[PDB]
Amino acid sequence: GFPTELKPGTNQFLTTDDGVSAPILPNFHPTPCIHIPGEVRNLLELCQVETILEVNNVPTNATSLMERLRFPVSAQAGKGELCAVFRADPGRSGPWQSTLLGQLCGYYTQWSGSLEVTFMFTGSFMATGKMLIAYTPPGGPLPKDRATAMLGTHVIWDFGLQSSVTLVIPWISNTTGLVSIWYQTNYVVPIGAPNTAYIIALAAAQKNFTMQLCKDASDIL
Amino acid sequence: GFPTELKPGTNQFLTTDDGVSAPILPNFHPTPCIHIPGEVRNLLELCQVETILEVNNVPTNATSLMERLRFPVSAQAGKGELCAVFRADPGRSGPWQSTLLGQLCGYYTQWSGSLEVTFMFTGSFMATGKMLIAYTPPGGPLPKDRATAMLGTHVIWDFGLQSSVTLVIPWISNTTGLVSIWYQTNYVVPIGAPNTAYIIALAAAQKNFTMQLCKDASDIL
Amino acid sequence: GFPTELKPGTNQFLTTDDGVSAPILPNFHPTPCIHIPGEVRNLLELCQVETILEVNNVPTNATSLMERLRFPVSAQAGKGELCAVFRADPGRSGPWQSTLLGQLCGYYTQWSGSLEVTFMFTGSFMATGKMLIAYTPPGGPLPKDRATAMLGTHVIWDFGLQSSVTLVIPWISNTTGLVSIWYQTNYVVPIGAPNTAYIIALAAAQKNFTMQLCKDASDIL
Amino acid sequence: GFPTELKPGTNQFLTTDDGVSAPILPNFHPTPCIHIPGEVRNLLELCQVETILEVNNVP
Amino acid sequence: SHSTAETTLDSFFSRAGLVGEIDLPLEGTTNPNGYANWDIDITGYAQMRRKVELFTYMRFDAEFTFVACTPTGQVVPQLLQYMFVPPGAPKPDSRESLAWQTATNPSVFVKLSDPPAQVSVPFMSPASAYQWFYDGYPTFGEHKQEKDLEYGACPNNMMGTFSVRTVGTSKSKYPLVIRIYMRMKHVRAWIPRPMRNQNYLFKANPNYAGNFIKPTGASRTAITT
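As recorded in the PDB entry, chain E goes by the name VP1, listed as coming from Enterovirus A71.

Where the PDB entry is consulted, chain A appears under the name Genome polyprotein, with the organism given as Enterovirus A71.

Structural data, given as structure tokens:
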């Protein structure tokens, strides 16, 4: 007869309780671990994967399926407006729902990290011109004029250098800044050259992405 | 089959039982502790806070709200009686219910500690006179004459020294002594001077305040 | 899932089970222990206390209350019999129920120890004579003659020595011996002297008193 | 009064649970182990046994 | 001081008291759908909020046990298991919601004959710590001139709720009585502020009325003793 105290909460079922039980058959040996030269242990491998983001979600026809992946640009438009990226928020709707991180955030609430964008130029061999991509810092509203854009951080994009240009946003959380893309100058070509081109964009995140709070939310269905 | 004894009192619910449970999710990391240069650990910080105590709880009109915080004094009264502090007891009603310690004692029974009072003089620049504040020690009844007041501890209050005067009551518990304030002398001024002044008082407790027994009493409502 | 065996006797209530429980409030500090120069730890202090024993339980009148505490002796009686102490047994009725040890034995069965008796003489300053107090050892019946009394242990009681006389009974348990008191000689005084005197007796126990078995018996009521 | 938590799955019967119980009589001594020069410990001894296999299962 | 062993802080904070009460009417008009959701609203009751409002910066886990019985104190053999939805996911509105089918939400099941249940949940709020006061505009959006469509109902500040169902093909036929006790595990405070003295008029706002009150009027007149 050993005395023992009965703590409250005996028949409660706990979802987060990690339990272990003795195997029924202690004699069967599981299959040996397979040795492979390359070894990967952590989920960090997914954080460096590149994903394409698209804006022209207007068409829905069957025979227009392949053109979705890019956005065309033409010389007919003059000093207009190329693309209007929505507020950068993986949780909210928009281009970010297709990405891996946005799906991962579907069970989660608070996120923070850095953002980088890469651009490469695919024009004609004889063309000359200058492109500029700038991100407006927080506080500043949407750029009405290019003067309000220049006060923010801007990077020069020459046509002799293709993709070594790197832009970094120091910190994004959850309110924030906005990014806009205008026509820096019109792409002009002489006779015997195509009148249309295409532009490819890249987007990734740095190592400083972290998670704090789990959420019991499921987006499916 | 391990033998075990069942102690009595298994289904009882204990209010004071401190229990710990395993977290459901062992992977989420709580937010890191924030480092600040100044650090405070104990509740003792509240014990050195000064609180004003008032006696003239008679008026209740709306347009007399600001005058409550002081008590006026005039030269018309001659050798009368300034203020009659009730029995010093934070538990009982009176000026002490507004103080922090008295509210803290609302769940508690036995208290002991030292008391100190500070007075500063705010009269005219040309006036001359002498004030005296004395606390009657225990045993002695309420002072009928100033002779019975002088046998107790008294402190001289000159008008050249403002607030460096300190009076200490060695020990108060829960029966006790009484404190009374008379007009030491009438405040007289010549022509071209105000006929009314005001006096400010201070009250605090020493480090020797302690608590012994908790009580299951709530004063609200 | 940790295996455990259930021993028989789970819901039984045990009277002699010593149990400890965690305090509900771990923050309140009990009052500090009071330090006193003299310290007493054990119940042995009661064993050296002297208690008076009386035989004349006959009177019951209200106005005879004070005379109970002694027994008178007079010169009119000649070589008779002074007092007849009953069988020495604290458990049984008699003079021993008033004593502390007899009440203590009321929850107990077996006792053993030594007995001592002290006598002091309070006669006149001129009187001469000899007193003798003897205890009959076990086996020997009640003394019919003084010859049967002398074979047992006897102590000489001179009137020059008051109380230094000590008699010790080696061992008493629970059948036993008996003690009787006769008039050794008649107390005679000349003219101008009181004809009556009083005698005071003492009874105590040695350090060799012990207890073995507890009993579930209550003598009240 | 010692606090204790009740894990789920108390009345379940487990087939593969190996259990041990105290003997009722601790005084009786079992018979001593018999010592033999040759000793065999493992089931591997059967793996080297030859068995005949036949095909003409017609008759 | 001389000895501070009996003056331990353990008794200064630890006090268990009734905080909540959940009823399950078998029919009704306020709740005719047969199910109710109870979010953890500490600010709901004035008597408990008085103790809490002395504190400004705090983050801690929670421990709850559930007891059900009859008004006569008799015990009945009924078993329940509790399922929790993270605060990030929206709470169910109608019975046909998908919240009851979510398997990704962890759950723990315990009986009643066992010692009392002890369960703990981590701090899942995206912020660093809870804030009882906010000298500004609660919304954390870039828009600072308009108002959100979900104004008034902002579950983004609380810590979620629990769903209760009955095991069996048919619905339960007995109503139950349940009382809840609340406690703090860790105590750490930084900025000390005063408490409240007058009563509260609204549940979510400390506003007052035009009938002012006075702490005490025991002294008939200050002029006399």
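Next comes the rest of the account.
**Student:** Please set out the overall build of chain A residue by residue, giving values where relevant.
**Tutor:** Secondary structure assignment for chain A yields two helices and nine strands. Start at the N end of chain A and walk to the C end: the helices and strands fall as β-β-α-β-β-α-β-β-β-β-β. Its C-alpha atoms give chain A principal-axis dimensions of about 100 × 45 × 35 Å. Classification of the 221 residues of chain A by burial places 25% in the buried group. Accessible surface for chain A amounts to roughly 15,600 Å². Of this, 64% is attributable to carbon and sulfur atoms. Charge separation in chain A, taken as the distance between the mean sites of 12 positive and 15 negative side-chain charges, equals 9 Å.

**Student:** I'd like a description of the overall build of chain E, backed by residues and values.
**Tutor:** In terms of regular secondary structure, chain E is built from two helices and eight strands. Walking chain E from its N terminus toward its C terminus, one meets helices and strands in the order α-β-α-β-β-β-β-β-β-β. For chain E, whose C-alpha radius of gyration is 22 Å, the value lies well above the compact-globule estimate of 17 Å for 225 residues. Seen through its C-alpha atoms, chain E measures out along the principal axes to roughly 75 × 55 × 40 Å. A burial count over chain E gives 21% of its 225 residues as buried.

**Student:** Break down the interface of chain B and chain A for me, with residues and values.
**Tutor:** Tallying the contact residues gives 13 residues for chain B and 13 residues for chain A. Roughly 1,200 Å² of surface becomes buried between chain B and chain A when both sides are summed, with 63% attributable to carbon and sulfur atoms. A per-residue breakdown of the area chain B buries against chain A is headed by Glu5, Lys7 and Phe28 of chain B, which together make up 46% of the total. Taken together, the links from chain B to chain A amount to zero salt bridges. The interface formed by chain B and chain A holds six residue pairs in polar contact in total. The residue inventory of the side of chain B that touches chain A, partitioned by class, reads eight nonpolar, three polar and two charged.

**Student:** Kindly report on the sheet that holds strand β1 (residues 17-23) of chain E, identifying the contributing residues and their values.
**Tutor:** All names here are of chain E. Taken in spatial order, the three strands line up as β1-β8-β3 in an open sheet, and their pairing is antiparallel. What marks the edges here is a single partner per strand, and that holds for β1 and β3 (67-69). Adjacent strand axes in the sheet meet at a mean angle of 30°, parallel and antiparallel pairs treated alike. Summarising the sheet, β1 and strand β8 (residues 177-182) pair through six bridges and their orientation is antiparallel. Residue pairing across strands places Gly20 opposite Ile180, the latter belonging to β8.

**Student:** Give me the lowdown on a nonpolar patch on the surface, citing residues and values where you can.
**Tutor:** Residues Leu43 of chain B together with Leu9, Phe12, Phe13 and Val187 of chain E make up a contiguous nonpolar surface patch of roughly 370 Å² in combined accessible area. Mapped onto the secondary structure, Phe13 of chain E falls in helix α1 (residues 10-13).

**Student:** Explain the interface of chain E and chain A to me, using residue names and the numbers behind them.
**Tutor:** The partner chain A presents 26 residues to the 40 residues of chain E that form the contact. Together, the buried faces of chain E and chain A total about 2,600 Å²; carbon and sulfur atoms form 58% of this surface. Contact with chain A buries area across many residues of chain E, yet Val108, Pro126 and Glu142 of chain E alone supply 27% of it, more than any other trio. Remark: the boundary between chain E and chain A carries one salt bridge. Between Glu142 of chain E and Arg87 of chain A there is a salt bridge whose closest N-O contact spans 2.4 Å. Where the side of chain E that touches chain A is concerned, the elements lending two or more residues are β4 (83-84) and β5 (108-111) of chain E. Per-element tally for the side of chain E that touches chain A: the top contributor is β5 of chain E, with four residues. Residues that form the side of chain E that touches chain A fall into these classes: 25 nonpolar, 12 polar and three charged.

**Student:** Give a description of the relation of the copies chain B and chain A that names residues and reports values.
**Tutor:** The two copies are related by a screw operation: chain B maps onto chain A through 72° of rotation and 0.0 Å of translation along the axis, at an RMSD of 0.0 Å. Taken together, the rotation and translation relating the two chain copies correspond to the operation of a five-fold axis. Identified as the residue of chain B closest to the rotation axis by C-alpha distance is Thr4 of chain B, at 6.5 Å.

**Student:** I'd like a rundown of unusual backbone geometry, residues and numbers included.
**Tutor:** Residues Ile220 of chain A and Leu221 of chain A are joined by a peptide bond in cis, for which omega reads 0°. Secondary-structure assignment places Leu221 of chain A in the segment after β9 (210-211). Even without a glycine there, the phi angle at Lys79 of chain C is positive, about 50°. Along the polypeptide, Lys79 of chain C turns up in the loop between β1 (72-74) and α1 (100-104).

**Student:** Give me the side chain of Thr136 of chain B: which residues, what numbers.
**Tutor:** Relative to the helices and strands, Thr136 of chain B resides in the loop between β3 (131-135) and α2 (146-150). Among all residues touching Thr136 of chain B, those that are not within four sequence positions of it are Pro141, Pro143, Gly177 and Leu178 of chain B.

**Student:** Tell me about the side chain of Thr4 of chain B, and please be specific about residues and values.
**Tutor:** Structurally, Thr4 of chain B is set in the segment before β1 (72-74). With residues up to four places along the chain from it excluded, the contact list for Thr4 of chain B reads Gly1, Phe2 and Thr4 of chain A, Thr4, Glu5 and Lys7 of chain C together with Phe2 of chain D.

**Student:** Account for the packing of aromatic side chains, with residues named and values stated.
**Tutor:** Two descriptors summarise a pair of aromatic rings, namely the distance from one centre to the other and the angle between the planes of the rings. For the structure on display, the rule yields 22 aromatic pairs over all chains. An angle of 70° between the planes, with centres 6.4 Å apart, marks the rings of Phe121 of chain A and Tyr187 of chain A as edge-to-face. Ring geometry for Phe121 of chain C and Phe159 of chain C: centres 3.7 Å apart, planes at 10°, overall stacked. Of this pair, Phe121 of chain C sits in the loop between β2 (111-120) and β3 (131-135) while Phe159 of chain C sits in the loop between β4 (153-157) and β5 (167-172), and the two are 38 residues apart along the sequence. Through a chain of ring-to-ring contacts, three or more aromatic side chains come together here, namely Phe13 of chain A together with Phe66, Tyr82 and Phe109 of chain E. Cation over ring: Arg146 of chain C sits above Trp182 of chain C, and NZ or CZ is 3.6 Å from the ring centre. Its guanidinium or amino end placed over the ring of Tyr200 of chain E, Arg49 of chain E lies 4.6 Å from that ring's centre, counting from NZ or CZ.

**Student:** How would you summarise empty space enclosed by the protein if you had to cite specific residues and measurements?
**Tutor:** Residues and elements named next belong to chain B. Quantified by volume, the largest cavity comes out at close to 380 Å³. Lining the largest cavity are 28 residues, and of these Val73, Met131, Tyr183, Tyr187 and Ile199 sit closest to its centre. At the level of secondary structure, the elements contributing two or more residues to the lining of the largest cavity comprise β1, β3 and β6 (196-198). For the lining of the largest cavity, a count of residues per class yields 20 nonpolar, eight polar and no charged.

**Student:** So what's going on with the environment of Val19 of chain E? Residues and values would help.
**Tutor:** Residues and elements named next belong to chain E. If you trace the backbone, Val19 turns up in strand β1. For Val19, a relative accessible area of 18% corresponds to the buried category. Distance in space between the C-alpha atoms of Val19 and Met48 is 7.4 Å, their sequence separation being 29 residues. Sequence-distant contacts of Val19, defined by excluding residues within four places in its chain, comprise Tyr45, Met48, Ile180, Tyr181 and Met182.

**Student:** Run through the environment of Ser21 of chain B, naming residues and quoting values.
**Tutor:** By secondary structure assignment, the location of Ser21 of chain B is in the segment before β1. The buried category is assigned to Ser21 of chain B, whose relative accessible area is 15%. In this structure, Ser21 of chain B is in contact with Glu63, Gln118, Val119 and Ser120 of chain E, ignoring residues within four places of it in sequence. A polar side-chain atom of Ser21 of chain B sits 2.9 Å from the main-chain carbonyl oxygen of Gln118 of chain E.

**Student:** How would you explain the pattern of salt bridges if you had to name every residue and give the values?
**Tutor:** Residues and elements named next belong to chain C. For the structure shown, the criterion picks out seven salt bridges over all chains. Between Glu5 and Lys7 there is a salt bridge, with the nearest N and O atoms lying 3.6 Å from each other. As far as burial versus exposure is concerned, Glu5 and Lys7 are alike and both buried.

Thresholds, definitions, all that
Residues numbered from 1 in each chain as written, not as in the entry; some residues may be left out. Chains lettered and ligands numbered in written order. Part of a larger assembly, values for the part shown. Heavy atoms only, no water. Helix = DSSP H or I, 4+ residues; strand = E, 2+ residues; numbered from the N terminus. Buried < 20%, exposed > 50% of the residue type's maximum accessible area, 1.4 Å probe, protein only. Areas by Shrake-Rupley, 256 points an atom, 1.4 Å probe, with all protein chains shown as cover. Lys, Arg positive; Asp, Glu negative; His and termini not counted. Charge placed at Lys NZ, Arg CZ, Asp CG, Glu CD. Rg over C-alpha atoms; globule rule 2.2 N^0.38 Å. Contact = heavy atoms within 4.5 Å. Buried area = accessible area lost by both parts, 1.4 Å probe. Salt bridge = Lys/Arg side-chain N within 4 Å of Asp/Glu carboxyl O. Polar contact = N/O pair within 3.5 Å; in protein donor to acceptor, adjacent residues only side chain to side chain. Nonpolar A, V, L, I, M, F, W, Y, C, P; charged D, E, K, R; others polar. Pairing = 2+ DSSP bridges. Axes fitted to C-alpha atoms, helices over the stretch in contact; angles between N-to-C directions. Patch = residues over 30% accessible without salt bridge, like charges linked within 9 Å, V, L, I, M, F, W, Y side chains within 5 Å. Least-squares fit on C-alpha atoms. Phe/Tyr/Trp six-rings, centres within 6.5 Å; stacked < 30°, edge-to-face > 60°. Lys NZ or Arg CZ within 6 Å of the ring centre and 35° of its normal. 1 Å grid on protein atoms, 1.4 Å probe; cavity = no way out; pocket = protein on both sides within 12 Å on 5 of 7 lines; lining within 4 Å. Points joined across faces, edges and corners; volume = space filled by probe spheres on them.

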